[PDB]
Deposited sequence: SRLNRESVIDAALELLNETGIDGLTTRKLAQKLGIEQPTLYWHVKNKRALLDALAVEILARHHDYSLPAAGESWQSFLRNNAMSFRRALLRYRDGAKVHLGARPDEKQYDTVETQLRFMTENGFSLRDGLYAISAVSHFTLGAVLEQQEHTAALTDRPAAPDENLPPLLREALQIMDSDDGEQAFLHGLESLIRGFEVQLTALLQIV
């Protein structure tokens, strides 16, 4: 079939959903595309290059709250950004593991720069804005990964696992997300006061 970048990514994402990250291979990608491996090699040099690209394209296609709305608070931005990031990570099997494989791509520079600058324009030092942003990202990746890799008992644990199965993990995520945001606000608002 067609092997422009867009069609290769389409096929890879389809395969990802079928196999998972570990079972995804360039050999199986070649098969899905109806092509010989050396043909695929001209387009995709190895699994790592493939995964680097998927990490970028999954956000490009499906993470629609990368940027704050005009006039939006930093609190509401981190919240909306985290929900959107989570949704994008959940969209494909082992999506969180696909993301972890890499740091911001050149295609993502402008976006992540704007995110960092936005936090600084709302009172954070670059360092404290970064720590906020990284905490949200790491909490969210953790919440998603635990979901994805889960794809006699004592009483509380029993009922915990009962609770922690009630939904897909969204409840514990949203609650933790609020705790995180409020903790950041307490820090920022204290200035030089002992807090």
- Could you sort out which parts of the deposited sequence are absent from the coordinates (no C-alpha) and give them as ranges from 1? 152-163
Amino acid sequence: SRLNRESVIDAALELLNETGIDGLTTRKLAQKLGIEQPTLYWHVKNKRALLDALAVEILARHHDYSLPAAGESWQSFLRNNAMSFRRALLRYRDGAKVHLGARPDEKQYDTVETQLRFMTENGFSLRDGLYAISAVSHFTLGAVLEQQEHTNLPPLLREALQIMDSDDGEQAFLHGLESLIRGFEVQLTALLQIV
From here on, numbers count along this sequence of modelled residues.
- Message: On mean Cα temperature factor in this entry, is 60-68 or 154-162 the higher one?
- Response: 154-162
- Task: Mind pulling up the entry and telling me whether 15-23 or 174-182 has the higher mean Cα temperature factor?
- Result: 15-23
- Task: Would you mind finding, among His99, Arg86, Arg79, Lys107, the residue with the largest C-alpha temperature factor in the entry?
- Result: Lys107
- Item | Residue with maximal Cα B-factor (values as given in the PDB entry) among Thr39, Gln31, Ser134, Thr140 | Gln31
- Using the B-factors in the PDB entry, rank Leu191's C-alpha atom against the chain and give the third, lowest, middle or highest. highest
